[PDB]
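Student: here is the input, now give the coordinates:
(2 chains)
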Number of protein chains: 2
Amino acid sequence: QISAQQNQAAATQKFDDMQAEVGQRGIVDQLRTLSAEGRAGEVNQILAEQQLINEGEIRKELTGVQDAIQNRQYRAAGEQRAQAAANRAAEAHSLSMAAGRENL
Amino acid sequence: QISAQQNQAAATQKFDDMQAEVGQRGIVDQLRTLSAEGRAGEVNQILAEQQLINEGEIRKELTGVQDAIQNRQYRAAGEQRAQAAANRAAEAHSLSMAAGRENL
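Tutor: Numbers count the residues shown, from 1 in each chain, chains lettered A, B, ... in the order given. Have a look at this structure:
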C-alpha cells in the first residue's frame, strides 16, 4: 500500500510539472522576443515577479544571447579600428620610402 | 525478506529526497533572484544557515553567474581602453606625418 501510494504521488507531481510547463509556454515566448532586441532590463524584471517558471535554466540561454550580441558589437568595432591602423601604416611607409630614396 | 526490506528502504529514501526537492523550490528561486542582481554576499549567508538543500550543485551555477557578471564588466572596461588608445595613436601619427613632410 505505501509503495503504491508513493509511486502515484510521484506520478502526480510529474504530471503537474508537465502541465505547468505547457501553461507557461507563453511567458517564455515573450521573454525570447524581448531579449533579442537588446532589452535586458525588462527580462530580469519579469523573471523576478512572474517566477517559479518550471525550468530556471532559461536564464543561462538568455544571458548567452545578450553576451553574443555584445561580442558581435565589439568584434565590429575591432575590425573598424584595424583597417584604419592599416591605412595609417601605409601612409607612413610611403613617406618614409620617399625620404630614404632621396637620401640615397 | 531481507531483500524486500532493503528495496523498500531504498524506495522510501528516494521518495523522501524527491519530496524535499519539491518543497525547497522557493528558496532556490529567491537565491536565483538575489544572485542575478549582483548581490553575492547574501546568497552565501542564506546557503550557510539553510545549508542542506537536496542538491549542493546550485553553488556552481550561482558562482558561474557571478563570474559572468565580473567578466562582462571587465570586457567593457577593456573595450573603452582600446578605443582611447586608438584615438591617441591617430593624433600621434598625424603630427608625425606633418613634421616628416615638412622636413622632406
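
Student: distance from the biggest helix by length in chain A to the middle of the chain?
Tutor: Longest helix of chain A, by residue count under DSSP state H: helix A:58-103. When distances are taken as CA atoms, centre = their mean, to the nearest Å, helix A:58-103 is centred 23 Å away from the chain's centroid.

Student: elements contacting it?
Tutor: Where contact means 3 or more CB pairs under 8 Å, 6 or more residues apart in numbering or on different chains; DSSP states H and E, helix A:58-103 is packed against helix A:2-35, helix B:58-103. Yep, even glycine has a C-beta here, placed from its N, CA and C like the rest.

Student: again, 10 Å this time
Tutor: helix A:2-35, helix A:46-49, helix B:58-103 (3 or more CB pairs under 10 Å, 6 or more residues apart in numbering or on different chains; DSSP states H and E).

Student: right, and these - which one's nearest residue A:57?
Tutor: With respect to residue A:57, and counting by CB to CB, the nearest of the helices and strands packed on helix A:58-103 is helix B:58-103 at 8.6 Å.

Student: now the residue nearest to the spatial centre of chain A: closest residue in space that isn't a chain neighbour?
Tutor: In chain A, the residue lying closest to the centroid (CA atoms, centre = their mean) is residue A:65, at 1.5 Å. The shortest distance from residue A:65 to any non-neighbouring residue, by CB to CB, 6 or more residues apart in numbering or on different chains, is to residue A:35 (5.5 Å).

Student: for the one you found, the count of nearby residues, please.
Tutor: Using other CB atoms under 10 Å in any protein chain shown, residue A:35 is surrounded by 21 other residues.

Student: that one reaches residue A:67, doesn't it?
Tutor: No - at 11.2 Å, residue A:35 does not count as touching residue A:67 under the criterion of CB atoms under 10 Å.

Student: what about residue A:55, which SS state?
Tutor: The three-state label given to residue A:55 by DSSP: H, G, I helix; E, B strand; the rest coil is coil.

Student: tell me the contacts of the nearest residue to it once chain neighbours are set aside?
Tutor: Distances taken as CB to CB, 6+ apart put residue A:21 closest to residue A:55, at 7.3 Å, once the chain neighbours are dropped. Residue A:21 is in contact with A:28, A:53, A:54, A:55, counting by CB atoms under 10 Å, 6 or more residues apart in numbering or on different chains.

Student: just to revisit the earlier point, dump the helices and strands packed on helix A:58-103 to JSON lines, plus distance to residue B:39.
Tutor: Formatted as JSON lines, these follow (distance: least, CB to CB, whole Å):
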{"stretch": "helix A:2-35", "distance to residue B:39": "22"}
{"stretch": "helix A:46-49", "distance to residue B:39": "13"}
{"stretch": "helix B:58-103", "distance to residue B:39": "10"}
